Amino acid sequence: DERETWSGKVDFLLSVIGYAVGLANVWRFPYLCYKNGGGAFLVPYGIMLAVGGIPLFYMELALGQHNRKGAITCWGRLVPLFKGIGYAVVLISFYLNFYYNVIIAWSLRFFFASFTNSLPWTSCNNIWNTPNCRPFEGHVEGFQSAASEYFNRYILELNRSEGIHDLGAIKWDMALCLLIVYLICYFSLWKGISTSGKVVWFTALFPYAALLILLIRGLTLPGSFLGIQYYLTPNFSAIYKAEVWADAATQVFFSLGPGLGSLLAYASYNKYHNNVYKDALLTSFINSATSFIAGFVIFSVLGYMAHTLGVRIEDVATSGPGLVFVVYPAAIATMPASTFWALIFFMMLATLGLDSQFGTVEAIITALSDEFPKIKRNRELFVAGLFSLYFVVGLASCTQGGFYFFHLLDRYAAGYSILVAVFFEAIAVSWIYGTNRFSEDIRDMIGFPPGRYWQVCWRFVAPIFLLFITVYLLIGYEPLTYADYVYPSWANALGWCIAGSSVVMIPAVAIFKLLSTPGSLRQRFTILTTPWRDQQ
C-alpha cells in the first residue's frame, strides 16, 4: 500500500523532461519547419500542441498520480472492460526496445570512433569507399558522400546484405556497444527510482550543455545566418495545406509520447496532492522549447555547409538518423577543433536517448510490478532477464543487414498500435469513466477542477486529433522500401502481426473479461464499466 516516492521533486521533473526530450527533438522538428513554411509552421504546430498534445500529456500525468498504479493495473481500475489497454501498451513498449535502443548504440559507436585526430568520415580514399564517393552530399543517388559511405559501408556494413532474409555476420563491435547501452540502462534502473531519479540528472541535463556550446560554435561560422533563414523565414502558404497540419499534429503527438504508460508510471510515484497541472505545463513547454533551440544548433551548421562547403540546401536539410549520423558529422569534420565537437555531439545523442528509453522500460516494470507481486519483489532480477532478452534479440540489429531489421520494426512494431491504444485511452477516461469523475479526481488532488477547455479537449478534440494523425498516416502507407531494396510480401505481413499483437488485446481481454464475469448482458457491462474507486 505504501508506495515509493521521488527522493526530490527535481527527480520527477528531470526524468519526465528526460523521457520527452529525445532524438526527434533534433532530427525532425527543425526539418518540418524548413519543409513547411519556416516560422509559419509554428502556428499549426502550436495549435495542435495546445488542443491535441498538451491535453493528452496532462491527462496521463494526472491519471498516474491519481490512481497510483502502473499501466495495466490502472486501466483495469478505471474501466475493467478496457483492461487490455494496459497489456497492449506494455507490449508496444516491449517491442519498442527491440529496435529503438540501437540508435543509442550507433551514437556510442560513433563516440568511440571519435577518439582520434582526423575523424574517419572525412575523405573518400579508404577501404570501404567506392569510386562514386564524393566529399559531401549530392542529389544523385548512385553517388554517395564520404560520411554516407562511412555509415553504410564501415559502421553498418549494410552493403554486404541482400535484404531481410540475409542478415549475415553479427558485427561484434556493435554487440559490444549495445551491451554498454543495456548495462548503463541496468545499473540506473535496477534499484528503482531512488537511483533512476538521480542518473537522469546527467542524462537529462547534459543535452543542454551540449546544445549550448554547439549553439555557440554553430552560430559563429560563416554562413550561419543563412541557415537560420532556411529554418525560420515564414511562408504562410504552408498553413493552408492540410498535410502540414497533419505534419504538425503527428509531430506534436510523437514528441510528447503520451499513453505509453511511462508518464503514467513516473506520475504514479508522485504525492497525491502534487500540483500535476503545473508540472504538465512546465515540462511540456521545456520539451517544445528544446526543439526550438535545437533547430538553431542544426541549421546554423546547415547554412555553414551551403555557404562555405558548396552543397545544395535541399541535399543536406534532411531528417531522421541520416541527419545526425552523416550530414551533421560531415560538417563537424570541416571545422577547427573537429574531434571536440564530435565527442560532445555523439554524447548528446546518447544522453538524449537513454532518458526516453528509461521511460519505456520503466513503463514495463511498474505495470508488471503493480499487477504481479511475484515480480515486485524480485525486480532487479526481473529487469536483468528483461535486458538479457533485449540484448539477445537485439543482436539481430547488430548484424550486417541489421538496418533492414531496424527499418521493419520502425514502421510496424509500435507506430499504428500506439495510435489505436491511445485512441481507446481517450474514450475510456472521457466517455466511460467520464470527464465528470476525472475532473472531480483532479479537483481532489490539486484543489481545483480542470477548466472546460481541458474537458472539451479530452472529450472531443483528442479523438479527432488521433484520427487526423492516423488517417494521414494510412494515406501515406506503401509496402516497405529502403533505397533500391523492396521487402518481400511475407515481411510486410509479419510486420502487421507485430502491430496487431498489442492492439488485439483490447478486444481479447475485453471479450475474455466480459465472458468470465457473472450476470446478464447489461449486468456484465455495468460491472465492467463501474470503476474500482466507485466500488471501494
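So that there is no doubt, residue numbering starts at 1 and follows the sequence shown.
Comparing 439-447 with 372-380, the stretch with the higher mean C-alpha B-factor in the PDB entry is 372-380. Just going by the entry, 128-136 versus 236-244 on mean CA temperature factor gives the higher value to 236-244. Of the candidates 145, 107, 152, 397, the PDB record gives 397 the highest C-alpha temperature factor. Among the modelled residues of its chain, residue 37 has a C-alpha B-factor that falls in the highest third according to the deposited record. The deposited CA B-factor of residue 512 belongs to the highest third of values across its chain. Ranked by C-alpha B-factor against the other modelled residues of its chain, residue 162 falls in the middle third. Ranked by C-alpha B-factor against the other modelled residues of its chain, residue 329 falls in the lowest third. When all modelled residues of the chain are sorted by CA temperature factor, residue 52 is found within the middle third.
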